[PDB]
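S.K.: Build me a structure from this.
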Amino acid sequence: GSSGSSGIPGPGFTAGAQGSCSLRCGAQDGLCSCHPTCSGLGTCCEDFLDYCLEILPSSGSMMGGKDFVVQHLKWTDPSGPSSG
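M.R.: Numbers count the residues shown, from 1 in each chain. Please see the structure below:
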C-alpha cells in the first residue's frame with residue numbers, strides 16, 4: 001500500500017574529448033572501450049584496434065561448417081471483369 005516517487009538527480013561531471021587506448025588495450029569506458037569485449041558490445045575506440053590490433057586472444061580456425069541456399073518465385077492468375 002504505497003507508491004511514492006523517489007528521485008536522486010546527480011551532478012554533471014563533464015569530461016570532454018576522451019577515449020583513447022594508447023596505454024590501455026584492456027579497459028572499459030563509456031565513450032569507448034579498450035577491452036576485447038567491445039566487439040560484443042560495440043564501444044570499441046577509433047584508435048582501439050590501431051593501438052590494440054593484436055591484443056585479442058588466439059583465433060582458432062575451422063570448427064564446424066554450415067551453408068544455406070534457397071530461391072523460388074511464382075505467381076499466376078488472370079482475371080476477367082465485366083459490367084451490366
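S.K.: ok, residue 22 to residue 7 distance?
M.R.: Separation of residue 22 from residue 7 (CB to CB, to the nearest Å) stands at 39 Å. No exception for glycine: its C-beta is placed from N, CA and C like everyone else's.
S.K.: which of those two has more neighbours?
M.R.: The residue with more neighbours, out of residue 22 and residue 7, is residue 22; 12 against 5, by other CB atoms under 10 Å.
S.K.: wait, doesn't that one sit right on residue 51?
M.R.: Yes: using CB atoms under 8 Å, residue 22 is in contact with residue 51, at 5.6 Å.
S.K.: got the residue ranges for the helices in this structure?
M.R.: Using DSSP state H, the helices of the chain run over 38-41, 48-51.
S.K.: Deepest in the core, which of those helices is it.
M.R.: The highest mean neighbour count among the helices of the chain, using mean count of other CB atoms under 10 Å, belongs to helix 48-51: a mean of 17.
S.K.: which helices and strands does that helix pack with?
M.R.: The helices and strands touching helix 48-51, judged by 3 or more CB pairs under 8 Å, 6 or more residues apart in numbering; DSSP states H and E, number zero.
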